[PDB]
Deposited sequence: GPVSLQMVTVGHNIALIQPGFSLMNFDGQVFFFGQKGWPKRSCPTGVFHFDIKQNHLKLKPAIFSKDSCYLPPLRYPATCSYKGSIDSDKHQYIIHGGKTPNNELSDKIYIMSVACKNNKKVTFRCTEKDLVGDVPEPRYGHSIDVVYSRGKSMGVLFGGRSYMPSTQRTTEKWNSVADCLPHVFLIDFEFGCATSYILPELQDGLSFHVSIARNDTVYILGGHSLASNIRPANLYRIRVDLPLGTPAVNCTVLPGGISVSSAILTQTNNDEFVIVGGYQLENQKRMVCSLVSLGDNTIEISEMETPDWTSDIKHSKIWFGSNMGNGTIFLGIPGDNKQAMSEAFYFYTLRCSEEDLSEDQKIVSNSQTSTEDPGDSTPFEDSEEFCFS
């Protein structure tokens, strides 16, 4: 666990809280630029590579058959196995929520320059209302694959929305969503175990189970220390989901998550209280029917991170985390990598 300062290039102003990194074969890429795309990079997607602690963000182009998805802050992102990425929800630069879902896959990789295919996936049934700060994962049960989508926030509904509180948000109803990408349909499941709304939580998916960690419940304004197990059964008939509550969970919202090794991940970052960042780190070890959360050695944080009121970041995919804090005002943010 080594912390390291990162220099940034001329277009550092793109990086904002709510950005996304995607991993395609050890090459990292960047999505969710601040502002609408400019002529320097019309897709708003960037090859994101740190060479000797220097980050150069370099524009990437789309295939002829691609959509031009708007930059999205706090979307639900997810990796799918033939490798492709799922993006659902998010805020647009105009502060609208997209109900849309986009698929990011590589189209071409000649001369170590990458062309992406961004295709829009239509969705019918019980489509989840437009959201941000929510999780989406794919599971595997009896040789069948299914997408799970939980929690998040949206604006009030048209019936009750007032220009005077036009930007007020509220946690979506905690229904678990099963989303089949092959058929383009979506089924909602209300569970008595999930009564509270929850967003900015951590989602770990192994086999046919998804773990819901931490997060913030807006109605109660509490960051739960609970853990929730959701297992999806995929038989020939109706798929069913069972929710189990497991004591000994983390209390943290907005935390990041990287996979260090098979069956283990690290949790870092995030907030314990509105004005108390979570400086501790957790190790998660996954058994077939067991999950183990254990304290691990804190990193050698600097006096900037310690006293920063906020921080943000994301997993880069190799067990390293790209971390940003608001800096001086010049360069608005200060960026660090954190290896494991």
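Numbered from the first deposited residue, the unresolved ranges run 1-2, 84-89, 338-341, 353-389.
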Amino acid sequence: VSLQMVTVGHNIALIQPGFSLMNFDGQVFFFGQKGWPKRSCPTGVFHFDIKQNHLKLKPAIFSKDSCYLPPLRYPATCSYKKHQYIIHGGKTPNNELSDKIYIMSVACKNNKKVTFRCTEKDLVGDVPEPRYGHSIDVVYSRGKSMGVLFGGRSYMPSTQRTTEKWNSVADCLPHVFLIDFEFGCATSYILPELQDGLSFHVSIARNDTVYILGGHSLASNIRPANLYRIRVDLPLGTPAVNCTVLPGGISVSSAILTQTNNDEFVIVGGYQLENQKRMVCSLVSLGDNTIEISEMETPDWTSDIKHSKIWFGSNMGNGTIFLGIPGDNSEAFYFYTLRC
From here on, numbers count along this sequence of modelled residues.
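Comparing the deposited coordinates for 150-158 and 229-237, the stretch with the larger average C-alpha B-factor is 229-237.
Looking at mean Cα B-factors across 298-306 and 63-71, the upper value is held by 298-306. Residues shown: 265, 116, 166, 200. Highest C-alpha temperature factor in the entry: 265. Out of 90, 270, 192, 93, the entry records its largest CA B-factor for 192. Sort the chain's modelled residues by C-alpha temperature factor and residue 216 lands in the middle third, per the entry.
Per the PDB record, residue ranking by Cα B-factor puts residue 100 in the lowest third of the chain.
Remark: residue 283 belongs to the highest third of its chain, ranked by C-alpha B-factor as recorded. Residue 319: CA B factor lies in the highest third for its chain, per the PDB record. Residue 18 sits in the lowest third of its chain by CA B factor, as recorded in the PDB entry.
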